[PDB]
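Colleague: sequence, then structure. It's an experimental one.
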Amino acid sequence: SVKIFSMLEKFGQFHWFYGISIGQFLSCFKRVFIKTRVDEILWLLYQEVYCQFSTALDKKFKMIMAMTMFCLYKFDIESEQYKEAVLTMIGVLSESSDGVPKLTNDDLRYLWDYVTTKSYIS
């Protein structure tokens with residue numbers, strides 16, 4: 001929760017409209033319960049906070065938020081090879097680091113097929 005709030009504070013730092021308040025975040029966390037268990041609360045938290053604070057951002061920041069929240073979840077939950085592969089693929093999207101990823105699950109194969117065929121938007 002504090003990592004997400006720091007992310008949203010950075011979004012509010014970039015533009016005056018994208019600001020975030022602590023009351024809104026706690027209202028969203030209340031709505032999480034209004035609408036392996038701790039991981040289920042964590043997943044519901046991510047889904048609700050994305051569906052709540054995605055509408056306050058434009059297209060580019062929608063993509064930024066979705067990508068970095070998926071990165072946060074998959075990095076904290078899953079293994080190190082997954083993390084390294086995702087950073088290398090985000091880098092080759094960013095054209096700052098160039099290099100093929102190491103094959104392990106299945107979704108990374110689909111992302112690799114999307115990016116090798118130059119389907120950036122996909």
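Modeller: On my side now, so go ahead. Residues are numbered from 1 along each chain as shown.
Colleague: how near is the residue nearest the centre of the chain to residue 50?
Modeller: Central residue of the chain (CA atoms, centre = their mean): residue 69, 1.8 Å from the mean position. Residue 69 sits 6 Å away from residue 50, going by CB to CB, to the nearest Å. The way it works is simple: take the backbone N, C-alpha and C, and place the C-beta from them, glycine included.
Colleague: the longest helix in this structure is where?
Modeller: Criterion DSSP state H: the longest helix present in the chain is helix 59-77.
Colleague: list the buried residues for that one?
Modeller: If you call a residue buried by 16 or more other CB atoms under 10 Å, then helix 59-77 has these buried ones: 61, 65, 69.
Colleague: okay if I get the residues you listed as TSV plus distance to residue 100?
Modeller: Listed next are these as TSV, based on distance: CB to CB, whole Å:
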residue	distance to residue 100
61	29
65	27
69	25
